[PDB]
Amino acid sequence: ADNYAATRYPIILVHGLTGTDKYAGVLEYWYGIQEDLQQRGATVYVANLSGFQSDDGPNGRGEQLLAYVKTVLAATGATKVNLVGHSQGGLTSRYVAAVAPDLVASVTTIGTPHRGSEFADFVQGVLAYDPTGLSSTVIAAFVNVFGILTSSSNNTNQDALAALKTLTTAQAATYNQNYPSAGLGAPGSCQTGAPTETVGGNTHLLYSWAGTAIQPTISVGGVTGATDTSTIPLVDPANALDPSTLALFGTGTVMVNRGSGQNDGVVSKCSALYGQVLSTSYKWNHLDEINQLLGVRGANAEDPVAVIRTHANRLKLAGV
């Protein structure tokens, strides 16, 4: 133990879709990461928001996170926080930075679909092929109940259809018009923006990274095949001991066949770009980014716990 990860402002880790601080009160979303950061001197809190909701709206994830930030400030005596968001949690973090800029010192996004996900477009599109619309109603009920059951607090504020819509590429483009950011490049650019923003006189340091395990590697007869670069081909024990490895290769294959390019299974490199882009070269699928499942990663995957820890030190050296 030391103070390598000690920052001026408390860190709040912000989960994305499906999430909660602890699934069924047993499985940490941010697997082993709060513990590691705290061992290295960080003051770290883990948000518990609706697993299924929009980020805007009076009962959206953004207002939930705002309320939580205020409780963390009251508990610590601090005046600002460092927000670190995974996936949709990066969009939630952007919301709080926009609406309460005085309460935020930095925003870091990990595998965040700032431009939406082609996989959400796919799923939403699939639902349109039920001319009765019953598929949407039934599956929404199923997923909403999953949210209530797995939420550590059995949060009943779950809206699976709104969550899915939120993550589509068309809706994300609208979100970016409603919640513009100096850290974002132009729509369609596959570029980032500035490394900082000043909003109402409050400067925020902006950062991101992306996983790109899923690479398009062959095109035959109009069909694109991918390679999971996180793994030793086929034989990697991560394919056996973490069911998300092959699942994300599967969804990543859908992604590349919708023109996504390199991706983590559900978020493309281009969609993930925000602020100071620290790396898009990690050989990670989407769950590797949060040390999941249960710390299992392919042999070629960098250690995500060390990456996050090093970033806490980066924040410390940057003055936040």
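Counting begins at 1, following the sequence as shown.
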Which of 214-222 and 200-208 has higher mean CA B factor, as the PDB entry lists it: 214-222
Take the C-alpha B-factors listed in the entry for 120-128 and for 96-104, compute each mean, and give the stretch with the larger one. 120-128
Using only the C-alpha B-factors in the record, can you name which of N176, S87, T168, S153 has the highest? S153
Quiz for you: based on the deposited Cα B-factor, which of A172, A194, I232, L91 is highest? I232
Entry-reported C-alpha B-factor of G183 relative to its chain, by third, is lowest
Quick check for you: using the entry's CA B-factors within this chain, is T112 in the lowest, middle or highest third? lowest
Using only modelled residues of the chain, where does the Cα B factor of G19 rank: lowest third, middle third or highest third? middle
Name the third of the chain's ranked CA B-factors that contains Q158, choosing lowest, middle or highest. middle
On the chain's distribution of Cα B-factors, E289 falls within the third called lowest
